[PDB]
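What's counted below: heavy atoms across the whole structure, side chains too, no hydrogens, waters or symmetry copies. Chain A is the first sequence line, chain B the second, and so forth, proteins listed ahead of strands; every chain is numbered from 1.
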Number of protein chains: 2
Amino acid sequence: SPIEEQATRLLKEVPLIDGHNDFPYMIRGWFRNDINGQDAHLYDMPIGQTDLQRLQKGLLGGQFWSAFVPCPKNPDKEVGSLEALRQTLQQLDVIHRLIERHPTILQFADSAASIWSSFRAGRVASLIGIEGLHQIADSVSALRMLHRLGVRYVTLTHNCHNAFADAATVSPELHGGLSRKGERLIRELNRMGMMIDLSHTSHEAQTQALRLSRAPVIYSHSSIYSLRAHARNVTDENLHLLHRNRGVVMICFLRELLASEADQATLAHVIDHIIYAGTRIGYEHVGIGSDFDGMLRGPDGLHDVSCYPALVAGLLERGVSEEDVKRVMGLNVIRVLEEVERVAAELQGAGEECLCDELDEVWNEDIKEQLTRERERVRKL
Amino acid sequence: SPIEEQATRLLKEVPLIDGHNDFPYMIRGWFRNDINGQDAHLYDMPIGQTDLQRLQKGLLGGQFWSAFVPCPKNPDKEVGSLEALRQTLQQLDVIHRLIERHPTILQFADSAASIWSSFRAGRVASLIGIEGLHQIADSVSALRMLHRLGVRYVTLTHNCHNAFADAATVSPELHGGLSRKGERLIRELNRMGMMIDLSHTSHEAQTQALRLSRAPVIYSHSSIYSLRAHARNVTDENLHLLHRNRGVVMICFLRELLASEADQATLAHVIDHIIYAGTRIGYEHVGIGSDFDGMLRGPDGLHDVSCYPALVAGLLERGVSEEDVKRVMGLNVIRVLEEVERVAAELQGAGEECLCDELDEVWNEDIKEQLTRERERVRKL
Ligand SMILES: [Cl-]
Ligand SMILES: [Cl-]
Ligand SMILES: [Zn+2]
Ligand SMILES: [Zn+2]
Ligand SMILES: [Zn+2]
Ligand SMILES: [Zn+2]
């Protein structure tokens, strides 16, 4: 069809960059992060919605691979929080090993330039994000090291309240949006060049983050509230504040977020959600945030990662212009990552102070007096 | 003096690379890793043997900055082990922030080429190492992420036994050298290109590591046993196995390791230790491993980081040739890091399997059956 050829041409011209995929957690579930001699299975998986053959088939240009670990369930709160940090490094490790063992398909990217150079070579631009602040174990130092390991967005919560912000799906509220720590962390995230992700966060937490953030944010996988009322979806209030923020809402394929009955959800519903946001806040603030492998089953026509050409063709069929489809595919999320890095460079160039952790005193006054006495002895030599 | 001018010329021609300095832990002790508006103090410290003015004065070419955290003291063994991992990321964070805030003095390096390019520009080549396996929290995944963060050596123990190896200063013995896990970790360290450091490890643990390792190792800060009997010093047995391994013993300035009475220790004792090893196993297997800021007081003439020109002049005064002094200064430790990276490239190029952690099963048989049933449904479409 001339529409199918058009969709294939667009997928070759610009990268379709998906906002969120939990394929790394499926590798932890199925293989337990042991991928040695598992290429046959990694190319043709016996479970899930993602594998390396189907990833090629769908012509996907880039991917933010999620490094999610569950919210801590342990009665010992210190152990659970610290356990999440160790599991985070295990998931970042298997993501890096997955990319490194398959260099013909996947290539690591952590910027707008690295996404393009990956797309020119014919690879899937492989970026990384974490699904929740619980993953850092209350350590802003750890968060900066996660940025150094290649993490380029941080979802503020998953399905649990943390010290920084409230989750959408948990009641009662803890902070009523962001905490004081949360407000201060927004400045640090803008300073370091970490992209803020407002998926899974409460409506009040979104409103406060959108007003405070000096850089554009994203919703890595969230849908529209007006079309389907759910705690996880974005309200018209927050859609307008996203426009002022210059952020992007990357539309989710979760069936619960598209229809009241999950079995009724379809590819057409995803297109309705993209067109709604594109009509009201412009097509330069809308994206694609599948959440593949964060669900058992997908919508009719969006069953797995091979179905992206159907989404591009469906948007063109509805009268969304080529230029606007290219924006929704990936140009918008590239711009936000580019603007996040530019803001960080401005703030780092200006010499803004970084947020430091609260640490225990290791030395008492006796030790500090010995050290000062010792220094003075060396001065008199 | 013609000997002082000779020492200054050598320090400009080749980088003097010190094996171990604990200045990052002094920053944790004094500032609690909060260096915002502390440049006056960082250039002229009120404590310790290291600051940025004295670092320039001594003409030091490179430095392995230690990222040490204490051995876990907590009764809850899980909490203590996981706490060491979080503290490790705090110390790696402050090392990176120290380098980044002072780019005219310090420059990050993680290879032989990066050491040289740093030295050409007139910076101190700033490398990173961790002082003990307890710092990884039994996570080989975490260890690979520490390598990604810039860690280029790992001391197998500090002053405590761990799951992998025995420390020198603790009795009774636990593993009697390396454990089975330790033996398997040696292969993984060689594969990833992590330099093995045998300081703080028991004599038996050294012997087993030196025979097993396929790449050259180091002693980042250890002295000679024959001159001064101590658990921390290297025996003639292990010095010979270091020669076969092609490693380097970087001589320590700790007074306890140089003389029976600590107040008697001197610059002359450090030179005796360098000449002993250089005479018996050749000058291409000897280095300088100060351990500055891992001690209150240093030897007479080696009080702080400004005293390196006295060490170079002292070696030349004793009849050690210019070419051999250049080797002891830094060419040897550069070679070992270069050979460690070459061995890793050979093993990674050959497609050797990496060591994976033992993970818990997250899904039961009910969940796995749903995932396989779901995959088959998608196959029939
Ligand atoms: Cl602490
Ligand atoms: Cl686990
Ligand atoms: Zn997810
Ligand atoms: Zn999610
Ligand atoms: Zn030390
Ligand atoms: Zn030490």
Start with the C-alpha gap between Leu85(A) and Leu89(B), add the side-chain angles, then the distance that decides, and say whether side chain to side chain contact (heavy atoms under 4.5 Å, CB included) holds. CA-CA 11 Å; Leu85(A) 180 58; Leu89(B) 299 181; 4.1 Å; yes

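- Environment of CG in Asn364(A): crowded, with over 12 heavy atoms of neighbouring residues, nucleotides or ligands closer than 6.0 Å.
- Across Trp30(B) and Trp363(A), no two heavy atoms sit closer than the pair N-CZ3, 3.6 Å.
- Around NZ of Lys181(A), the count of heavy atoms belonging to other residues, nucleotides or ligands within 6.0 Å does not exceed 12.
- Residues of residues 137-144 of chain A having a heavy atom under 4.5 Å from any heavy atom of chain B, listed by number: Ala137(A), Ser139(A), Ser141(A), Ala142(A), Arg144(A).
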Show, in sequence, the C-alpha distance, side-chain angles and deciding distance for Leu92(A) and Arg148(B), and conclude whether the side chain to side chain contact (heavy atoms under 4.5 Å, CB included) test is met. CA-CA 11 Å; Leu92(A) 294 172; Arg148(B) 188 161 200 97; over 6 Å; no

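- Your options are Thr88(B), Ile367(B), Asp93(B), and the one with the most heavy-atom pairs under 4.5 Å with chain A is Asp93(B).
- No other option in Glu78(B), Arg28(B), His96(B) has as many heavy-atom pairs under 4.5 Å with chain A as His96(B).
- Separating the CG atom in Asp357(B) from the CZ atom in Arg32(A) is a distance of 12.0 Å, to the nearest 0.5 Å.
- Taking both residues in full, the closest heavy atoms of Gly29(A) and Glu361(B) are given as O-OE1, 4.2 Å, listed atom of the first, atom of the second, then distance.
- A pairwise comparison of heavy atoms in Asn36(A) and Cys354(B) identifies ND2-O, 3.2 Å as the closest pair.
- With sequence neighbours excluded, the residues satisfying salt bridge (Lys or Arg N to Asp or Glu O under 4.0 Å) with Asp44(A) are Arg375(B), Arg379(B).
- Between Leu371(A) atom CG and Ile47(B) atom CD1 the span is 5.0 Å, to the nearest 0.5 Å.
- Note on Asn33(B), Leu149(B), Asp304(B): by heavy-atom pairs under 4.5 Å with chain A, the leading option is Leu149(B).
- The number of heavy atoms from other shown groups lying within 6.0 Å of NE2 (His147(A)) is above 12.
- With a 4.5 angstrom heavy-atom cutoff, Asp76(B) touches chain A only via side-chain atoms.
- Only the side chain of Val378(B) comes within contact range of chain A, with heavy atoms under 4.5 Å apart.
- In this structure, chain A has a heavy atom under 4.5 Å from the side chain of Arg101(B), while its backbone stays farther away.
- Using a 4.5 Å cut-off between heavy atoms, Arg377(A) contacts chain B through its side chain alone, with no backbone atom that close.
- Under the salt bridge (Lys or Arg N to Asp or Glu O under 4.0 Å) criterion, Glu83(B) pairs with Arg86(B), sequence neighbours left out.
- For a residue to count as touching a neighbouring chain, one of its non-hydrogen atoms must lie under 4.5 Å from one of that chain's; by this rule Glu374(B) touches chain A with the side chain only.
- Contact of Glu369(B) with chain A is not made at all, since no heavy-atom distance falls under 4.5 Å.
- Chain B is approached within less than 4.5 Å, heavy atom to heavy atom, by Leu296(A), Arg297(A), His303(A) from residues 296-303 of chain A, ordered by number.
- Interface remark: of the candidates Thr372(B), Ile136(B), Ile35(B), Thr372(B) forms the most heavy-atom pairs closer than 4.5 Å to chain A.
- With chain A as partner, the option from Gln370(B), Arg97(B), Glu100(B) having the largest number of non-hydrogen pairs under 4.5 angstrom is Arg97(B).
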